[PDB]
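Asks: Chain order of the listed sequences is A, B, C and D.
Just add 117 to the spot in the first sequence (first one is 1) and you have the numbering used here.
Just add 15 to the spot in the second sequence (first one is 1) and you have the numbering used here.
Just add 15 to the spot in the third sequence (first one is 1) and you have the numbering used here.
Just add 15 to the spot in the fourth sequence (first one is 1) and you have the numbering used here.
Using N, Cα and C, we set each Cβ at its ideal position, and we do this for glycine too.
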Amino acid sequence: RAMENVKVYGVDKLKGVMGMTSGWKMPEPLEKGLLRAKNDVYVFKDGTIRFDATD
Amino acid sequence: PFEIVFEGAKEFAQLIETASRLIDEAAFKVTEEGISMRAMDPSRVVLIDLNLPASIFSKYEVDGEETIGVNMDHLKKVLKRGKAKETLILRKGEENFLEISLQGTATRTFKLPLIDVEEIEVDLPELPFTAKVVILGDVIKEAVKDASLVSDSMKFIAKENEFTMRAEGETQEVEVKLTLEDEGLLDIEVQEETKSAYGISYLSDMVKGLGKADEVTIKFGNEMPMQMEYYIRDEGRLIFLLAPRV
Amino acid sequence: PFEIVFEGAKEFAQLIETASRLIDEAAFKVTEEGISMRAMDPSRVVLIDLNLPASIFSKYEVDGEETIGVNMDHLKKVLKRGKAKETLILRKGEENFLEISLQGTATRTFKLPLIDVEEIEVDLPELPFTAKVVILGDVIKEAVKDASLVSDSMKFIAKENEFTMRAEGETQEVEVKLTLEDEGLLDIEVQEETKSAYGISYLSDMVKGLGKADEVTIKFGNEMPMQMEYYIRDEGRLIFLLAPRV
Amino acid sequence: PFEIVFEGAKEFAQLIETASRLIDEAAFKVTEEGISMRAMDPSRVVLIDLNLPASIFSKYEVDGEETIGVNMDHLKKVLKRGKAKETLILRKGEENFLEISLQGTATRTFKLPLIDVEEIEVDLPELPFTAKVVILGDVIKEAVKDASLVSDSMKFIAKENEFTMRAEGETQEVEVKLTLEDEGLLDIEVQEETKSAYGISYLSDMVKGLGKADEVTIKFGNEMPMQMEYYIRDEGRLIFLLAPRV
């Protein structure tokens, strides 16, 4: 259903989470995972994409 | 609602693999003229241009013209399951499936749900290509595999009646010269000095699947993309377009 | 206290491998008639029945009847070290060891400490098998390898004068039909409509080790275990018994 | 400032691999007589002695005598890129580089920055070697691969007109006897009873790269290092020196 929704099929992999640790344990929609994978960007625990740099 | 019959399924699976190692999905512009493919890598660094004239097929039955949308990975595993001489068939009727029939010693039928492909058409006709060379397959294949040792960017140098490749890393140095006098260099068309550099990874994706009996065309200019080409059963040839570096 | 001499050690090692890929230990009921094996997987899903008439051996020397208990893994590594034509010998005297003698260009002697095997004998004679088919080896081997693509449970369908295999996953569909008219289908014995499903994994463990020149027997009924068989040097044949699913 | 021309680059790459699997760097004592190598493992357990008379080379051009210092790993990858019959060339001028020219269908040039090697020369001439045996290559290769099953230390036993190898682990037992009567045992020179043990790992590094048409020499005494030898194009032979255990 995800690939049907967003029109992306060529994902090498889609690394998930072993288990929701949030209180609600509400899962992210898969489409966003597909788009992350398609561009190869990683996620952090809130759903935002971060980038450490010595300031 | 077409049907198609191609012999030597292993060959066709090989070339579909070739297209496969760069893109993950793609659409097939089937016309009554023939089967066509055209797509670009995710990185926007290479352009795969597949051209299949209907003549190559032992049978070619198209009723109209339509675009297929298929998972190159799934099709790659499927076609890869064919062998040396078993016959390939491609059928499509009303439903949204593609039927692949491998019939050698026996018949085997597969079905592939077609997938919508957002088409980004970028047609890039002839461009200013300073030098143009033909060369045996295993020559370039060996060469790329050699440049894999010392670096990740292979540099090409085309001089008058002489074609030379090279690459340099931290310490080691790799050079491959050859001219018309040499056996593997079938042709050279030198307009003037040409030089470029290309991603050795992408080249490795390109030249894999080339026997010694494989002739390859290479057009390119000073600091600009290469265009590689090679024929398939002498009618339908494939053409890659690789952007240089730096 | 016996000795045995079998030629073509590589073949025997192959079949012992075949038995090996399902069970880890097993006992060999050696009788003056011949060598026998019979055991079941841990999962209680498949039954391996090995039958070896003494006639197959270039020399067969048994004094009485005894049960050997051996690590199928260790024996598998050992026998696997034999080659194409070197001669196999199996010797056992007073001590609790088995002596394997591989003599081709030279003689090589191995010793294997025999292991006690708690025997759980379940003999299962002929059962109600609706359909019964003979087929070349590579046909079924190819077929199973094909069903490996789309699913984990391969479905078999036997109709009048026609044998068809198939498997379906999420979207991909795999079908393999063939009849007496087709070359690979040597025989069909249709009593009526038969259909079953089996673990593609177990089948893969079964049919590995089969050349094109391998005839296979398949008896089975609607939702009930298959029994597969194939001969070994035309005298001693092996027979698997696979429980269906669902 | 020399140049050298050797044919059958794949062979030379094979032997350089052989030397490679024990040491990581090494120096080549090039003299106008020939190319020489001599070095010892890190563990101080094995001594590799390479001797190359200039006669073997299709062309041999040395001006003086000098020591090359090369990364055996980098040279191993390089030479490994040569094939069956393509010609090998080794050139060195003023600069601190070695130029390897692989010219078969085409010419390919590599350059390797030479590396300083702290030389620890330990020359060990003939020593008291009780027994001395010649044997086909695949005999010992098979044998070592067999002892790999049961243990990590392979024991050698040389008796009058009989050569026997063995190894024992927890349970299993491995024995390989053969004498002059047997085919694979070309020669035996028994002075008296000899017995030793050696690291099966080191032996495996030794005998890899041996076809059936490979004769091997073995000198050794009771609890003392083996010396193995075998010729290369009948002129320049390699010799290993393995310290025993216990």
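Quick one: measure Cβ to Cβ for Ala-42/D and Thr-102/D, integer angstroms, because I've assumed they're closer than 8 Å.
Replies: The pair is not a contact, with the Cβ atoms about 25 Å apart (cut-off 8 Å).
Asks: Mind listing which residues of the stretch 119-132 of chain B have their C-beta closer than 8 Å to chain C's C-betas, in chain order?
Replies: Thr-120, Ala-121, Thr-122, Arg-123, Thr-124, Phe-125, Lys-126, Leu-127 and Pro-128
Asks: Relative to chain C, which residues along the stretch 86-101 of chain B have a C-beta separation below 8 Å, given in chain order?
Replies: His-89, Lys-92, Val-93 and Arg-96
Asks: Count the other CB atoms, across all protein chains shown, that sit within 10 Å of the CB of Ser-139/A; report buried if there are 16 or more and exposed otherwise.
Replies: With fewer than 16 neighbouring CB atoms inside 10 Å of its own CB, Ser-139/A falls in the exposed class.
Asks: Counting only C-beta atoms, is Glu-188/B closer than 8 Å to chain D at any point?
Replies: yes
Asks: Is the Cβ of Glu-198/B closer than 8 Å to any Cβ of chain D?
Replies: yes
Asks: Pick out whichever of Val-60/B, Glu-47/B and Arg-96/B has its Cα sitting closest to the Cα of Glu-80/B.
Replies: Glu-47/B
Asks: Report back the beta-carbon spacing between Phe-178/D and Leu-200/D to the nearest angstrom; my notes put them in contact at under 8 Å.
Replies: 6 Å
Asks: For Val-231/D, which residues in chain C fall below 9 Å Cβ to Cβ?
Replies: The premise fails here: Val-231/D is roughly 15 Å from chain C at the closest Cβ pair, so nothing lies under 9 Å.
Asks: What does a CB cutoff of less than 6 Å around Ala-158/D pick up in its chain, not counting 5 residues either side in sequence?
Replies: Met-180 and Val-191.
Asks: I'd like the ranges of any alpha helix (DSSP H) spanning at least 4 consecutive residues and lying wholly in the stretch 128-172 of chain B.
Replies: 152-165
Asks: DSSP three-state call for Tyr-245/B: helix, strand or coil?
Replies: strand
Asks: Give me, in chain order, the residues of the same chain whose beta-carbon lies closer than 7 Å to that of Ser-163/D; leave out the 5 immediate sequence neighbours on both sides.
Replies: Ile-215 and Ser-219
Asks: With distances taken between CB atoms, is the gap from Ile-19/C to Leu-37/C smaller than 8 Å?
Replies: Cβ atoms of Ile-19/C and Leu-37/C: not closer than 8 Å.
Asks: Count the other C-beta atoms from every protein chain shown that fall within 10 angstroms of the C-beta of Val-134/A, then say buried if there are 16 or more, exposed otherwise.
Replies: exposed
Asks: Quick one, are the C-beta atoms of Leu-113/D and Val-77/D less than 8 Å apart?
Replies: no
Asks: Evaluate the contact criterion for the stretch 113-124 of chain B versus the stretch 235-242 of chain B: three or more CB pairs, one atom per stretch, below 8 Å.
Replies: no
Asks: So what's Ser-116/B in DSSP terms, helix, strand or just coil?
Replies: Under the three-state reduction of DSSP output, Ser-116/B falls in the strand class.
Asks: Please tell me whether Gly-164/A has its Cβ less than 8 Å away from any Cβ of chain B.
Replies: With 8 Å as the cut-off, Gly-164/A does not count as an interface residue toward chain B.
Asks: Whose C-beta lies closer than 7 Å to the C-beta of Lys-91/B among residues of the same chain, with five residues either side of it excluded?
Replies: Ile-31, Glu-32 and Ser-35
Asks: Note the first and the last residue of the continuous beta strand (DSSP E) segment covering residue 310/B.
Replies: The requested residue 310/B is not part of the displayed model; chain B covers only 16 to 261.
Asks: Can you have a look at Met-137/A and say buried or exposed, based on whether 16 or more other CB atoms are within 10 angstroms of its CB?
Replies: exposed
Asks: Closer than 7 Å by beta-carbon distance: list the chain B residues that pair up with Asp-161/C, in chain order.
Replies: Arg-96 and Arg-123
Asks: If you check the beta carbons only, do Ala-146/B and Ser-168/B fall under 8 Å apart?
Replies: Contact check for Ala-146/B against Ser-168/B fails: the beta carbons are separated by 8 Å or more.
Asks: At a CB-CB cut-off below 9 Å, which residues of chain B make contact with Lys-124/A?
Replies: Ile-130, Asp-131, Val-132 and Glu-133
Asks: When the cut-off is 8 Å and only beta carbons count, does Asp-39/B lie next to chain A?
Replies: yes
Asks: Leaving out five residues on either side along the sequence, give the residues of the same chain with a beta carbon under 7 Å from the beta carbon of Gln-206/C.
Replies: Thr-145 and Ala-146
Asks: Residue ranges of each alpha helix (DSSP H) run of no fewer than 4 residues wholly in the stretch 27-75 of chain D, ordered along the chain?
Replies: none
Asks: Do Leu-195/D and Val-61/D have their C-beta atoms within less than 8 Å of each other?
Replies: no
Asks: Would you mind sorting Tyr-159/A into buried or exposed? The rule is 16 or more other CB atoms within 10 Å of its CB.
Replies: exposed
Asks: Starting from the beta carbon of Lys-170/D, find every residue of chain C whose beta carbon is closer than 8 Å, and list them in chain order.
Replies: Here the premise fails: no neighbours, minimum Cβ distance about 14 Å.
Asks: Spell out a yes or no on whether the stretch 147-156 of chain B and the stretch 125-138 of chain B are touching, meaning 3 or more CB-CB pairs, one atom from each, closer than 8 Å.
Replies: no
Asks: Could you give the C-beta distance for residue 263/C and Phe-17/C, rounded to a whole number, given that I count them as a contact under 8 Å?
Replies: Outside the shown range of chain C, which is 16 to 261, sits residue 263/C, and nothing can be said about it.
Asks: Under a CB-based cut-off of 8 Å, is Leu-193/B close to chain D?
Replies: yes
Asks: Rounded to whole angstroms, what is the Cα-Cα separation between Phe-72/D and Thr-209/B?
Replies: C-alpha of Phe-72/D to C-alpha of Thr-209/B: approximately 39 Å in a straight line.
Asks: In or out: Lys-156/D buried (at least 16 other Cβ within 10 Å) or exposed?
Replies: Buried, since its Cβ has 16 or more Cβ neighbours within 10 Å.
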